[PDB]
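structure.txt follows; it contains compact mmCIF, C-alpha atoms and all ligand atoms.
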# COMPACT_ATOMS: atom_id res chain seq x y z
CA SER A 1 186.64 -16.80 13.13
CA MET A 2 182.90 -16.35 12.57
CA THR A 3 181.83 -14.03 9.78
CA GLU A 4 180.73 -10.56 10.85
CA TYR A 5 177.81 -8.86 9.09
CA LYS A 6 177.43 -5.07 9.03
CA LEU A 7 173.68 -4.43 9.31
CA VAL A 8 172.20 -0.91 9.27
CA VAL A 9 168.66 -0.15 10.45
CA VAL A 10 167.10 2.81 8.60
CA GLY A 11 163.69 4.42 8.28
CA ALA A 12 161.57 7.37 9.29
CA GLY A 13 161.43 8.56 12.87
CA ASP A 14 159.22 6.64 15.34
CA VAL A 15 158.81 3.52 13.16
CA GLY A 16 160.52 1.28 15.73
CA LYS A 17 164.14 0.91 14.56
CA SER A 18 165.47 1.07 18.12
CA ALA A 19 162.71 -1.07 19.61
CA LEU A 20 163.48 -3.79 17.05
CA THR A 21 167.22 -3.66 17.69
CA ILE A 22 166.83 -3.63 21.49
CA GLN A 23 164.41 -6.56 21.25
CA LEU A 24 167.01 -8.49 19.27
CA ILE A 25 169.91 -7.57 21.58
CA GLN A 26 168.24 -7.36 24.99
CA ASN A 27 164.96 -9.33 24.55
CA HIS A 28 162.70 -6.64 26.03
CA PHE A 29 160.46 -3.75 24.91
CA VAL A 30 159.61 -0.43 26.57
CA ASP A 31 157.05 1.99 25.16
CA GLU A 32 159.04 5.18 25.72
CA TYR A 33 160.14 7.89 23.30
CA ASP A 34 163.97 7.81 23.14
CA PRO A 35 164.98 9.33 19.78
CA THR A 36 168.30 8.02 18.50
CA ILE A 37 171.45 9.94 17.69
CA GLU A 38 173.36 6.81 16.67
CA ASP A 39 173.91 3.50 18.42
CA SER A 40 175.91 0.37 17.62
CA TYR A 41 175.52 -3.16 18.96
CA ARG A 42 177.09 -6.59 18.53
CA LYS A 43 175.42 -9.98 18.88
CA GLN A 44 176.40 -13.51 17.91
CA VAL A 45 173.69 -15.76 16.47
CA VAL A 46 173.24 -18.99 14.51
CA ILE A 47 171.67 -18.64 11.06
CA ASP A 48 170.93 -21.63 8.81
CA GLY A 49 173.33 -23.64 10.94
CA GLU A 50 176.16 -21.08 10.68
CA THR A 51 177.40 -18.97 13.58
CA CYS A 52 177.97 -15.30 12.80
CA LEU A 53 178.42 -11.93 14.49
CA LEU A 54 175.87 -9.17 13.87
CA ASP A 55 177.25 -5.64 13.90
CA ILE A 56 174.09 -3.50 14.01
CA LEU A 57 174.01 0.24 13.40
CA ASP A 58 170.81 1.87 14.70
CA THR A 59 170.50 5.16 12.85
CA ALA A 60 168.58 8.40 13.44
CA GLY A 61 165.22 8.81 11.74
CA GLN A 62 165.42 12.53 12.56
CA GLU A 63 164.50 13.90 9.13
CA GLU A 64 166.56 17.15 9.28
CA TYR A 65 169.89 15.25 8.99
CA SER A 66 169.14 13.43 5.72
CA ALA A 67 172.39 14.78 4.25
CA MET A 68 174.40 12.97 6.98
CA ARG A 69 173.72 9.40 5.81
CA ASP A 70 176.21 8.79 3.01
CA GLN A 71 179.07 7.46 5.13
CA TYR A 72 177.13 4.90 7.11
CA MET A 73 175.47 3.81 3.86
CA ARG A 74 178.88 3.28 2.25
CA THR A 75 180.11 1.30 5.27
CA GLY A 76 177.02 -0.88 5.71
CA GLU A 77 176.63 -4.28 4.04
CA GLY A 78 172.86 -4.71 4.40
CA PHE A 79 169.92 -2.51 5.23
CA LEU A 80 166.82 -3.16 7.28
CA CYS A 81 164.38 -0.66 5.76
CA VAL A 82 161.70 -0.12 8.40
CA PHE A 83 158.29 1.51 8.24
CA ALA A 84 155.33 1.26 10.61
CA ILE A 85 152.14 -0.34 9.33
CA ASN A 86 150.03 2.38 10.98
CA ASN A 87 151.87 5.34 9.40
CA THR A 88 151.50 5.77 5.65
CA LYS A 89 154.08 8.55 5.49
CA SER A 90 156.76 6.23 6.90
CA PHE A 91 155.88 3.78 4.11
CA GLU A 92 156.27 6.55 1.52
CA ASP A 93 159.57 7.58 3.14
CA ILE A 94 160.94 4.09 2.40
CA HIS A 95 161.43 4.86 -1.29
CA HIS A 96 163.74 7.79 -0.53
CA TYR A 97 165.84 5.61 1.76
CA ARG A 98 166.21 2.93 -0.90
CA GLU A 99 167.07 5.45 -3.63
CA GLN A 100 169.64 7.06 -1.36
CA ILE A 101 171.23 3.69 -0.57
CA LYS A 102 171.36 2.63 -4.23
CA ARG A 103 172.78 6.01 -5.25
CA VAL A 104 175.41 6.11 -2.51
CA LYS A 105 176.54 2.53 -3.18
CA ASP A 106 176.15 2.98 -6.97
CA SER A 107 174.54 -0.43 -7.35
CA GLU A 108 171.17 -2.04 -8.04
CA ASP A 109 172.21 -5.08 -6.00
CA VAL A 110 172.35 -3.96 -2.36
CA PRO A 111 171.12 -6.45 0.31
CA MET A 112 167.97 -5.04 1.90
CA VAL A 113 164.85 -6.23 3.70
CA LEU A 114 161.60 -4.30 3.87
CA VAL A 115 160.20 -4.45 7.40
CA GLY A 116 156.68 -3.43 8.30
CA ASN A 117 156.79 -2.92 12.07
CA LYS A 118 154.11 -2.49 14.77
CA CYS A 119 151.94 -5.27 13.38
CA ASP A 120 150.55 -5.77 16.89
CA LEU A 121 148.57 -2.53 16.41
CA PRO A 122 144.94 -2.42 15.22
CA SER A 123 145.17 0.86 13.27
CA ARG A 124 146.82 -0.54 10.14
CA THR A 125 146.90 1.90 7.20
CA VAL A 126 149.35 -0.01 4.96
CA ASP A 127 148.07 -3.36 3.71
CA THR A 128 150.20 -6.47 3.54
CA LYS A 129 149.70 -6.66 -0.23
CA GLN A 130 150.72 -3.01 -0.56
CA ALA A 131 154.08 -3.70 1.06
CA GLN A 132 154.52 -7.11 -0.57
CA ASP A 133 154.05 -5.48 -3.98
CA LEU A 134 156.69 -2.86 -3.17
CA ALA A 135 159.16 -5.48 -1.93
CA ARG A 136 158.53 -7.53 -5.08
CA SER A 137 159.24 -4.48 -7.25
CA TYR A 138 162.47 -4.00 -5.28
CA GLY A 139 163.46 -7.66 -5.54
CA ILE A 140 163.87 -7.91 -1.76
CA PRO A 141 162.09 -9.80 1.03
CA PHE A 142 159.26 -8.31 3.09
CA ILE A 143 158.73 -9.26 6.74
CA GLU A 144 156.11 -8.00 9.18
CA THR A 145 157.27 -7.49 12.74
CA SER A 146 156.28 -6.38 16.19
CA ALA A 147 158.99 -5.12 18.51
CA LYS A 148 156.34 -5.31 21.26
CA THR A 149 155.37 -8.99 20.83
CA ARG A 150 158.73 -10.02 19.24
CA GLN A 151 156.82 -11.36 16.22
CA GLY A 152 159.23 -11.60 13.29
CA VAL A 153 162.14 -9.82 15.02
CA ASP A 154 164.66 -12.63 14.60
CA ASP A 155 163.27 -13.39 11.15
CA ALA A 156 163.91 -9.85 9.86
CA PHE A 157 167.55 -9.64 11.00
CA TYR A 158 168.31 -13.25 9.98
CA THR A 159 166.76 -12.82 6.52
CA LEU A 160 168.88 -9.70 5.96
CA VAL A 161 171.94 -11.83 6.75
CA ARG A 162 170.71 -14.43 4.26
CA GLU A 163 170.44 -11.63 1.68
CA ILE A 164 174.03 -10.50 2.34
CA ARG A 165 175.21 -14.11 2.01
CA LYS A 166 173.50 -14.45 -1.38
CA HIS A 167 175.34 -11.27 -2.49
CA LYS A 168 178.88 -12.11 -1.31
CA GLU A 169 178.81 -15.43 -3.21
CA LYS A 170 177.72 -13.57 -6.37
CA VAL B 1 164.04 42.79 34.53
CA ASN B 2 164.97 39.30 33.31
CA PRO B 3 165.26 36.66 36.06
CA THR B 4 168.47 34.76 36.77
CA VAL B 5 168.73 31.10 37.83
CA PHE B 6 171.70 28.94 38.81
CA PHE B 7 172.76 25.31 38.50
CA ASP B 8 175.33 23.80 40.87
CA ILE B 9 176.91 21.06 38.73
CA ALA B 10 178.41 17.86 40.15
CA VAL B 11 180.39 15.05 38.49
CA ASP B 12 179.84 11.65 40.13
CA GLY B 13 178.71 13.58 43.21
CA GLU B 14 181.83 15.74 43.33
CA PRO B 15 181.29 19.50 42.95
CA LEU B 16 182.34 21.07 39.66
CA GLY B 17 180.93 24.61 39.84
CA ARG B 18 178.04 26.99 39.30
CA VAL B 19 176.43 28.04 36.02
CA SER B 20 173.93 30.89 36.04
CA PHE B 21 171.55 31.84 33.22
CA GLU B 22 169.72 34.95 32.18
CA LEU B 23 166.13 34.03 31.22
CA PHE B 24 164.60 36.15 28.46
CA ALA B 25 161.24 36.76 30.12
CA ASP B 26 161.03 39.96 28.06
CA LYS B 27 160.84 37.97 24.79
CA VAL B 28 159.55 34.50 25.79
CA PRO B 29 157.80 35.00 29.15
CA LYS B 30 155.94 31.68 29.25
CA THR B 31 158.98 29.56 28.39
CA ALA B 32 161.25 31.53 30.72
CA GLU B 33 158.73 31.06 33.52
CA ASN B 34 158.60 27.29 32.98
CA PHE B 35 162.39 27.09 33.36
CA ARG B 36 162.45 29.48 36.33
CA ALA B 37 159.81 27.56 38.26
CA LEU B 38 161.45 24.22 37.53
CA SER B 39 164.77 25.62 38.79
CA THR B 40 163.16 26.65 42.10
CA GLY B 41 161.13 23.45 42.47
CA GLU B 42 158.23 25.63 43.61
CA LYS B 43 155.58 23.37 42.02
CA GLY B 44 156.85 20.30 43.93
CA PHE B 45 159.08 19.03 41.10
CA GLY B 46 161.89 20.29 38.92
CA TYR B 47 165.52 20.12 37.90
CA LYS B 48 167.21 19.58 41.29
CA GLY B 49 168.89 16.19 41.34
CA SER B 50 168.47 15.51 37.60
CA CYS B 51 171.31 14.89 35.16
CA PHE B 52 172.67 15.93 31.77
CA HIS B 53 171.93 12.74 29.85
CA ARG B 54 173.26 13.85 26.45
CA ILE B 55 176.55 15.72 25.98
CA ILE B 56 178.08 16.00 22.51
CA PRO B 57 181.43 17.84 22.33
CA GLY B 58 181.34 20.57 19.72
CA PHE B 59 177.57 21.01 19.90
CA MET B 60 175.61 21.00 23.17
CA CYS B 61 174.83 19.72 26.67
CA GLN B 62 171.26 18.52 27.18
CA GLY B 63 169.38 17.71 30.36
CA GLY B 64 166.12 18.34 32.20
CA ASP B 65 164.51 14.89 32.37
CA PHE B 66 163.56 14.81 36.05
CA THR B 67 160.73 12.29 35.67
CA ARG B 68 162.57 9.32 34.12
CA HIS B 69 166.23 10.48 34.37
CA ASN B 70 167.11 8.86 31.04
CA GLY B 71 166.19 11.35 28.32
CA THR B 72 162.65 10.09 27.64
CA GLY B 73 160.77 12.15 30.23
CA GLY B 74 160.24 15.60 31.67
CA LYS B 75 157.18 17.81 32.05
CA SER B 76 156.33 21.50 32.10
CA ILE B 77 154.53 23.53 34.76
CA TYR B 78 151.64 23.81 32.26
CA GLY B 79 151.01 20.11 31.69
CA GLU B 80 153.10 17.41 30.06
CA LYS B 81 153.93 19.69 27.12
CA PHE B 82 153.27 23.23 25.90
CA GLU B 83 153.38 25.09 22.61
CA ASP B 84 156.28 26.85 20.90
CA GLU B 85 155.99 30.39 22.24
CA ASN B 86 157.96 32.10 19.47
CA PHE B 87 161.16 31.71 17.48
CA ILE B 88 162.33 35.33 17.73
CA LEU B 89 165.70 34.38 19.21
CA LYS B 90 168.34 32.39 17.34
CA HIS B 91 171.00 29.84 18.22
CA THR B 92 173.82 32.32 17.76
CA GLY B 93 176.72 30.61 19.57
CA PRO B 94 178.01 29.05 22.79
CA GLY B 95 175.92 29.60 25.89
CA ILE B 96 172.51 29.79 24.24
CA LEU B 97 169.81 28.09 26.34
CA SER B 98 167.01 26.51 24.30
CA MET B 99 164.17 23.99 24.65
CA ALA B 100 164.48 20.38 23.55
CA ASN B 101 161.40 18.93 21.90
CA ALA B 102 159.86 16.05 19.97
CA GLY B 103 158.52 18.20 17.15
CA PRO B 104 156.23 21.22 16.94
CA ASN B 105 154.61 22.27 20.23
CA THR B 106 156.13 19.58 22.43
CA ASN B 107 158.12 21.58 24.98
CA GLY B 108 158.42 19.86 28.35
CA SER B 109 161.31 20.40 30.72
CA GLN B 110 164.27 19.17 28.67
CA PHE B 111 166.63 21.88 27.51
CA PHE B 112 170.05 22.24 25.98
CA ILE B 113 172.99 24.63 26.37
CA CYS B 114 174.88 25.31 23.16
CA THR B 115 178.64 25.03 23.08
CA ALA B 116 178.75 26.32 19.48
CA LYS B 117 176.51 28.00 16.93
CA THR B 118 173.67 25.61 15.91
CA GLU B 119 171.75 27.70 13.36
CA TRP B 120 169.91 24.75 11.74
CA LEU B 121 167.87 24.57 14.98
CA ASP B 122 166.59 28.14 14.43
CA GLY B 123 162.80 28.19 14.11
CA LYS B 124 162.51 24.65 15.49
CA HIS B 125 163.70 25.06 19.09
CA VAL B 126 162.63 27.97 21.28
CA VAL B 127 165.62 29.95 22.54
CA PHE B 128 164.81 31.50 25.88
CA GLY B 129 168.02 32.31 27.74
CA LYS B 130 171.79 32.44 27.85
CA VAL B 131 174.61 31.51 30.21
CA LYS B 132 175.59 34.57 32.26
CA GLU B 133 178.31 33.23 34.54
CA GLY B 134 180.21 29.98 34.53
CA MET B 135 180.45 29.16 30.85
CA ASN B 136 183.76 27.51 31.76
CA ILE B 137 181.72 25.01 33.80
CA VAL B 138 179.79 24.08 30.65
CA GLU B 139 183.02 23.81 28.67
CA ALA B 140 184.33 21.50 31.40
CA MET B 141 181.25 19.25 31.14
CA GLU B 142 181.98 18.55 27.46
CA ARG B 143 184.77 16.05 28.08
CA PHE B 144 182.34 13.74 29.83
CA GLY B 145 180.37 13.41 26.59
CA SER B 146 180.87 11.55 23.31
CA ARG B 147 179.89 11.47 19.64
CA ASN B 148 176.41 10.05 20.34
CA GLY B 149 176.05 11.94 23.63
CA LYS B 150 176.42 9.11 26.16
CA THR B 151 178.26 10.44 29.21
CA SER B 152 181.19 8.69 30.88
CA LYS B 153 180.37 10.10 34.33
CA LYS B 154 177.08 11.19 35.91
CA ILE B 155 176.77 14.98 35.45
CA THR B 156 174.08 16.25 37.81
CA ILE B 157 172.29 19.40 38.92
CA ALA B 158 173.15 19.01 42.60
CA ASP B 159 171.30 22.24 43.45
CA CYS B 160 169.42 24.94 41.56
CA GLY B 161 167.33 28.00 42.25
CA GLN B 162 166.67 31.64 41.48
CA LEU B 163 169.18 34.40 42.27
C1 LIG C 201 173.05 12.85 12.11
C2 LIG C 201 173.67 12.83 13.47
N1 LIG C 201 173.09 13.87 14.31
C3 LIG C 201 173.59 15.13 14.58
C4 LIG C 201 174.84 15.65 14.03
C5 LIG C 201 174.78 16.72 13.14
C6 LIG C 201 175.96 17.24 12.63
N2 LIG C 201 175.93 18.29 11.72
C7 LIG C 201 174.68 19.01 11.44
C8 LIG C 201 174.90 20.46 11.09
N3 LIG C 201 175.88 20.58 10.02
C9 LIG C 201 175.98 21.98 9.58
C10 LIG C 201 177.16 20.10 10.54
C11 LIG C 201 177.09 18.63 10.88
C12 LIG C 201 177.16 16.66 13.00
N4 LIG C 201 177.24 15.63 13.86
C13 LIG C 201 176.11 15.12 14.37
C14 LIG C 201 176.29 13.96 15.34
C15 LIG C 201 177.37 14.31 16.34
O1 LIG C 201 176.72 12.83 14.59
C16 LIG C 201 176.75 11.62 15.34
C17 LIG C 201 172.67 15.82 15.37
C18 LIG C 201 171.57 14.94 15.59
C19 LIG C 201 170.37 15.05 16.32
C20 LIG C 201 169.50 13.97 16.33
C21 LIG C 201 169.81 12.80 15.65
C22 LIG C 201 170.99 12.65 14.94
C23 LIG C 201 171.85 13.74 14.91
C24 LIG C 201 168.24 14.06 17.11
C25 LIG C 201 167.44 13.04 17.50
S1 LIG C 201 166.24 13.63 18.57
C26 LIG C 201 166.78 15.25 18.27
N5 LIG C 201 167.82 15.33 17.48
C27 LIG C 201 166.14 16.45 18.89
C28 LIG C 201 166.15 16.35 20.42
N6 LIG C 201 164.96 15.70 20.94
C29 LIG C 201 164.97 15.06 22.12
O2 LIG C 201 166.01 14.76 22.71
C30 LIG C 201 163.65 14.83 22.75
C31 LIG C 201 163.59 13.80 23.84
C32 LIG C 201 163.46 15.23 24.20
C33 LIG C 201 162.15 15.80 24.69
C34 LIG C 201 166.36 17.74 21.00
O3 LIG C 201 165.42 18.47 21.29
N7 LIG C 201 167.65 18.19 21.14
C35 LIG C 201 168.01 19.56 21.52
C36 LIG C 201 168.74 20.17 20.34
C37 LIG C 201 169.94 19.29 19.99
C38 LIG C 201 169.52 17.83 19.75
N8 LIG C 201 168.72 17.30 20.87
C39 LIG C 201 170.73 16.96 19.56
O4 LIG C 201 171.03 16.04 20.29
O5 LIG C 201 171.45 17.33 18.50
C40 LIG C 201 172.71 16.62 18.33
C41 LIG C 201 173.48 17.38 17.25
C42 LIG C 201 174.92 16.88 17.20
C43 LIG C 201 173.49 18.88 17.57
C44 LIG C 201 172.80 17.23 15.88
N1 LIG C 202 152.97 -1.03 19.60
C1 LIG C 202 154.23 -0.94 19.16
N2 LIG C 202 154.96 0.13 19.47
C2 LIG C 202 156.21 0.09 18.97
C3 LIG C 202 156.77 -0.90 18.19
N3 LIG C 202 158.09 -0.56 17.86
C4 LIG C 202 158.28 0.60 18.44
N4 LIG C 202 157.17 1.05 19.12
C5 LIG C 202 157.02 2.32 19.84
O1 LIG C 202 157.09 3.38 18.89
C6 LIG C 202 157.85 4.48 19.43
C7 LIG C 202 159.06 4.75 18.57
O2 LIG C 202 159.94 3.60 18.68
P1 LIG C 202 161.51 3.73 18.46
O3 LIG C 202 162.03 2.31 18.32
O4 LIG C 202 162.09 4.64 19.46
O5 LIG C 202 161.49 4.35 17.00
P2 LIG C 202 162.81 4.82 16.11
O6 LIG C 202 162.54 4.32 14.74
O7 LIG C 202 164.07 4.20 16.69
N5 LIG C 202 162.77 6.45 16.22
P3 LIG C 202 164.19 7.37 15.92
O8 LIG C 202 164.52 7.30 14.43
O9 LIG C 202 163.90 8.80 16.43
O10 LIG C 202 165.35 6.80 16.67
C8 LIG C 202 158.14 4.12 20.89
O11 LIG C 202 157.10 4.62 21.72
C9 LIG C 202 158.13 2.58 20.85
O12 LIG C 202 157.78 2.00 22.10
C10 LIG C 202 155.98 -2.06 17.87
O13 LIG C 202 156.29 -3.03 17.19
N6 LIG C 202 154.70 -1.98 18.41
MG MG C 203 165.75 5.06 17.42
Could you rewrite the structure in this file as structure tokens?
Amino acid sequence: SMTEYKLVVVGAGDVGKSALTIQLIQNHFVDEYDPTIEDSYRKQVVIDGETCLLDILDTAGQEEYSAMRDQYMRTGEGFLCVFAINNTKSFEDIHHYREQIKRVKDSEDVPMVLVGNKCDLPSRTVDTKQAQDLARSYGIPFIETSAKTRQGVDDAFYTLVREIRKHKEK
Amino acid sequence: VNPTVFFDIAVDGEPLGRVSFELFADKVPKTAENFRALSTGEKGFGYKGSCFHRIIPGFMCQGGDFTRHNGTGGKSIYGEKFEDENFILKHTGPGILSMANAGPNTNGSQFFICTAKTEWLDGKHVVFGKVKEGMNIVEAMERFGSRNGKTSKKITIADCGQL
């Protein structure tokens, strides 16, 4: 049957992890504050001609539980590392998420995608080059998204799948 | 003397039982008063008819969103939100009543009842009361929760007021 991909969405609180996932799954956006405990979703898609099943884990950004992440990081196959382009602290928080993933999986070769969300917003404090440089230093793709306009939403999840594919044939 | 309020809890419209709370007006008068007034509905709005949207066995039952009924709303009698009054009281064990929030100084109407000791919340959530009677009602609500807090039946405050 079709290949399943275990995707995990991580990042600081309020960056839009849930809005991105609910846009992908349900194709709508609401501007309400609904902080996540933990949610899981399934969706079948076609990527580069190949049908596959996305198993998406939407994790808590709630910073006090940073010691609770090891198990979902061991289980996950690929990580959508999300920050918001109007919040510089969320961009700085990205490094700690990547270091934690690499440490927990004891590997330099973990499929990840850096996602700069909320690009519909005028108050940008993280430049495109700033994030592109970081993604280049990580060796991973960078994609800008808006959960509100749906810009780049499919592209981010699909690219992460492409990154997992390039790893499982390695 | 500290005021007492009650919740009459229903499960899919069927009565379960009454929980009453002591409100620590002597330590946190402004937060206790917010909860008291919302339990009487005296400002034209409050807890009556709202649900417990998040129940996590082993930890807590959370409710109080009477404006959107889905965990994203609520409001205080002082405006949308009000400040953290103090953190004198701790989350010592089952039955503690404490304010939910979205960070410092964001108290609205949402609240939680502890079903265990949750000491990592000390100094972040304002404790302002405790279950007086009917803790077994709260224990009974737990089985309608889950690991992420989604409930399998609608757990509602069918009636509430001051005693
Ligand atoms: C890591 C997984 N996780 C966990 C967690 C933590 C542990 N341990 C920590 C302590 N060690 C010693 C033992 C292990 C074990 N198991 C889990 C859960 C069961 O694993 C799935 C929690 C949690 C909370 C949030 C996000 C993820 C989270 C979160 C996300 S928004 C939040 N908190 C605060 C929340 N704001 C709101 O609702 C805003 C909307 C209103 C206005 C809020 O005011 N209140 C009231 C206080 C309780 C809190 N809700 C809540 O729901 O706490 C859940 C709880 C289980 C107690 C903690
Ligand atoms: N303008 C705009 N707002 C967005 C975008 N993505 C999310 N938001 C808004 O930002 C807030 C936080 O979004 P949410 O997806 O809940 O963030 P989260 O990363 O899941 N937070 P948590 O880790 O607590 O679960 C909400 O008000 C949401 O509507 C976006 O692309 N554009
Ligand atoms: Mg979320």
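Among the candidate residues B:116, B:135, B:121, B:5, the one lying nearest to residue 34 of chain B is B:5, with distances computed using all atoms listed in the file.
Residues of chain A having any atom within 10 Å of chain B, counting all atoms listed in the file, are residues 32, 33, 34, 35, 36, 37, 38, 39, 62, 64 and 65 of chain A.
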Have a look at A:110, A:56, A:68, A:147 and name the one nearest to ligand LIG 202 (chain C); count all atoms listed in the file.
-> A:147
Would you mind listing what lies within 10 Å of segment 50-54 of chain A as number ranges by chain, with only C-alpha atoms counted and same-chain residues fewer than 2 positions away left out?
-> A: 1-7, 25, 41-48, 56-57, 157-158, 161
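In this model, the gap between atom CA of residue 8 of chain B and atom CA of residue 99 of chain B comes to 19.7 Å.
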Within 7 Å of ligand LIG 202 (chain C), counting all atoms listed in the file: which residues, as a PDB file with C-alpha atoms, in the coordinates of the input?
ATOM      1  CA  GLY A  11     163.690   4.420   8.280  1.00  0.00           C
ATOM      2  CA  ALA A  12     161.570   7.370   9.290  1.00  0.00           C
ATOM      3  CA  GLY A  13     161.430   8.560  12.870  1.00  0.00           C
ATOM      4  CA  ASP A  14     159.220   6.640  15.340  1.00  0.00           C
ATOM      5  CA  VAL A  15     158.810   3.520  13.160  1.00  0.00           C
ATOM      6  CA  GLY A  16     160.520   1.280  15.730  1.00  0.00           C
ATOM      7  CA  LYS A  17     164.140   0.910  14.560  1.00  0.00           C
ATOM      8  CA  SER A  18     165.470   1.070  18.120  1.00  0.00           C
ATOM      9  CA  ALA A  19     162.710  -1.070  19.610  1.00  0.00           C
ATOM     10  CA  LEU A  20     163.480  -3.790  17.050  1.00  0.00           C
ATOM     11  CA  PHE A  29     160.460  -3.750  24.910  1.00  0.00           C
ATOM     12  CA  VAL A  30     159.610  -0.430  26.570  1.00  0.00           C
ATOM     13  CA  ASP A  31     157.050   1.990  25.160  1.00  0.00           C
ATOM     14  CA  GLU A  32     159.040   5.180  25.720  1.00  0.00           C
ATOM     15  CA  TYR A  33     160.140   7.890  23.300  1.00  0.00           C
ATOM     16  CA  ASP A  34     163.970   7.810  23.140  1.00  0.00           C
ATOM     17  CA  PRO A  35     164.980   9.330  19.780  1.00  0.00           C
ATOM     18  CA  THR A  36     168.300   8.020  18.500  1.00  0.00           C
ATOM     19  CA  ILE A  37     171.450   9.940  17.690  1.00  0.00           C
ATOM     20  CA  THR A  59     170.500   5.160  12.850  1.00  0.00           C
ATOM     21  CA  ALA A  60     168.580   8.400  13.440  1.00  0.00           C
ATOM     22  CA  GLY A  61     165.220   8.810  11.740  1.00  0.00           C
ATOM     23  CA  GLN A  62     165.420  12.530  12.560  1.00  0.00           C
ATOM     24  CA  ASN A 117     156.790  -2.920  12.070  1.00  0.00           C
ATOM     25  CA  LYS A 118     154.110  -2.490  14.770  1.00  0.00           C
ATOM     26  CA  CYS A 119     151.940  -5.270  13.380  1.00  0.00           C
ATOM     27  CA  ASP A 120     150.550  -5.770  16.890  1.00  0.00           C
ATOM     28  CA  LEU A 121     148.570  -2.530  16.410  1.00  0.00           C
ATOM     29  CA  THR A 145     157.270  -7.490  12.740  1.00  0.00           C
ATOM     30  CA  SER A 146     156.280  -6.380  16.190  1.00  0.00           C
ATOM     31  CA  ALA A 147     158.990  -5.120  18.510  1.00  0.00           C
ATOM     32  CA  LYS A 148     156.340  -5.310  21.260  1.00  0.00           C
TER      33      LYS A 148
END
With a cut-off of 9 Å, could you pull out the residues of chain B touching ligand LIG 201 (chain C) and give me the nearest pair of atoms for each, distance in Å to one decimal, using all atoms listed in the file, ordered by chain and ascending number, as CSV?
residue,atom,partner,partner_atom,distance
B:54,CA,C:LIG201,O4,6.9
B:55,CA,C:LIG201,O4,7.9
B:56,CA,C:LIG201,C42,6.2
B:57,CA,C:LIG201,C15,8.1
B:58,CA,C:LIG201,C42,7.8
B:59,CA,C:LIG201,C43,5.2
B:60,CA,C:LIG201,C43,6.4
B:61,CA,C:LIG201,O4,8.3
B:62,CA,C:LIG201,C35,6.6
B:63,CA,C:LIG201,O2,8.9
B:64,CA,C:LIG201,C33,8.9
B:65,CA,C:LIG201,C33,8.1
B:71,CA,C:LIG201,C31,5.7
B:72,CA,C:LIG201,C31,5.4
B:73,CA,C:LIG201,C33,6.8
B:74,CA,C:LIG201,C33,7.2
B:98,CA,C:LIG201,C35,7.6
B:99,CA,C:LIG201,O3,6.6
B:100,CA,C:LIG201,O3,3.1
B:101,CA,C:LIG201,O3,4.1
B:102,CA,C:LIG201,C30,4.9
B:103,CA,C:LIG201,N6,7.9
B:106,CA,C:LIG201,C33,7.5
B:107,CA,C:LIG201,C33,7.1
B:108,CA,C:LIG201,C33,6.6
B:109,CA,C:LIG201,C33,7.6
B:110,CA,C:LIG201,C33,5.6
B:111,CA,C:LIG201,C35,6.6
B:112,CA,C:LIG201,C35,5.6
B:113,CA,C:LIG201,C35,8.6
B:114,CA,C:LIG201,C37,8.4
B:118,CA,C:LIG201,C43,6.9
B:119,CA,C:LIG201,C9,8.1
B:120,CA,C:LIG201,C8,6.6
B:121,CA,C:LIG201,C36,7.0
B:124,CA,C:LIG201,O3,9.0
B:125,CA,C:LIG201,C36,7.1
B:146,CA,C:LIG201,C15,8.3
B:147,CA,C:LIG201,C15,5.0
B:148,CA,C:LIG201,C16,5.3
B:149,CA,C:LIG201,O4,7.3
Spatial neighbours of residue 126 of chain A, max dist 8 Å, all atoms listed in the file, sep filter under 4 positions, as a PyMOL selection string | chain A and resi 85-88+91+130-131
Distance in Å - atom CA of residue 117 of chain B versus atom CA of residue 94 of chain B = 6.1 Å
Of the candidates A:26, A:113, A:152, A:58, which one gets nearest to ligand MG 203 (chain C) if we count only C-alpha atoms and all ligand atoms?
-> A:58
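One distance worth recording is that between atom CA of residue 8 of chain A and atom CA of residue 133 of chain A, which is 22.9 Å.
Proximity to ligand MG 203 (chain C) was assessed for A:10, A:154, A:136, A:80 counting all atoms listed in the file; the smallest distance is recorded for A:10.
Environment of (176.8, 30.7, 37.7): residues at most 8 Å away, judged by all atoms listed in the file, are residues 6, 7, 8, 17, 18, 19, 20, 21, 131, 132, 133, 134 and 135 of chain B.
Among the candidate residues A:67, A:143, A:114, A:82, the one lying nearest to ligand MG 203 (chain C) is A:82, with distances computed using only C-alpha atoms and all ligand atoms.
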Please provide the set of residues having any atom within 8 Å of residue 128 of chain B, restricted to all atoms listed in the file, with same-chain residues fewer than 6 positions apart removed, written as a PDB file with C-alpha atoms, in the frame of the given file.
ATOM      1  CA  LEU B  23     166.130  34.030  31.220  1.00  0.00           C
ATOM      2  CA  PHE B  24     164.600  36.150  28.460  1.00  0.00           C
ATOM      3  CA  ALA B  25     161.240  36.760  30.120  1.00  0.00           C
ATOM      4  CA  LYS B  27     160.840  37.970  24.790  1.00  0.00           C
ATOM      5  CA  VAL B  28     159.550  34.500  25.790  1.00  0.00           C
ATOM      6  CA  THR B  31     158.980  29.560  28.390  1.00  0.00           C
ATOM      7  CA  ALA B  32     161.250  31.530  30.720  1.00  0.00           C
ATOM      8  CA  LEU B  89     165.700  34.380  19.210  1.00  0.00           C
ATOM      9  CA  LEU B  97     169.810  28.090  26.340  1.00  0.00           C
ATOM     10  CA  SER B  98     167.010  26.510  24.300  1.00  0.00           C
ATOM     11  CA  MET B  99     164.170  23.990  24.650  1.00  0.00           C
TER      12      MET B  99
END
